[PDB]
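Below you'll find only one chain, the form deposited in one PDB entry, shown as structure tokens.
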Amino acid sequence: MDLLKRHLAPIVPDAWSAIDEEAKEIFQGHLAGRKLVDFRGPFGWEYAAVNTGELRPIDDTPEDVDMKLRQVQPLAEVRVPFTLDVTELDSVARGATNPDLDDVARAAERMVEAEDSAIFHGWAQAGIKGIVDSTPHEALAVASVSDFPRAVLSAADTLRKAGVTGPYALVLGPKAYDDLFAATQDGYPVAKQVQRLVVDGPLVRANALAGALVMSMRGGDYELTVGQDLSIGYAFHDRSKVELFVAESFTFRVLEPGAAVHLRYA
């Protein structure tokens, strides 16, 4: 909101629209974790921590009093700075449709990388455990791409034996995705068989994920909480350059660590 301070920027409204559009297309295209996990909607700049509902025993307490401490997970506030030329942004008021906005795309992809790598592989400095590093199940080795169907079925069986039901999604890192969607077994495309074995939507390509992943879609296992949602704010400017940032506040919780199985790349 007013923490973004956008009315102080030397930017015309149509250039603000161009910046927002550029960031928005990247975010809608590339945010993979938000496609897969439960979303606790944006709560604003004041939301500070997620209540886990848990209690921790306090050490050195007397005998006539029982004392316990509430547990929370504080949110991380993330800012990715970027810089734009003021003349390039003035161009759009003269009717230019392609202002130089590559630093917007750079900052948006960096923010996507931060969020998705926290969701899939954790962010220890933010106190975040990811899906892959928190699963207790043994990682399955997928020797070749043609082994993906068997592996998927095997992973589903593992999830079934741990009590994790629900439709199962296959999430592919970039290399696994490209190899799977190029592969044929005696001409028949492997991705067709694999798609028949999982949830019927398009398979999620997750740029931040190493290898592949099979996870439950029943809900309630993985929860991303957003405070301030992805925003563009103004920081500073001089005569020629304006400094902006991408801002988000969020945290990610693994509620059920055994709801995913990691597949080693094929």
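Heads up: residue numbers just count along the shown sequence, starting at 1. Note that the rigid core is defined as the largest set of C-alphas that superpose within 1.5 Å between two forms.
Omitted from view is the form deposited in another entry, to which the following refers.
With the core held fixed by superposition, the comparison between the shown form and the other one singles out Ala183 as the only member of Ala139, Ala126, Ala183, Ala96 whose CA moves by at least 2 angstroms. Core-superposed comparison between the shown form and the other one: the CA of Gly53 stays below a 2 Å shift. A displacement of 2 angstroms or greater separates the C-alpha positions of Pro202 between the shown form and the other one, with the rigid core held in common. In the other form, the Cα-Cα separation between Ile26 and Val199 grows by 3 Å or more relative to the displayed conformation.
Expansion of the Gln28-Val199 CA spacing by 3 Å or more is recorded in the other form, set against this form.
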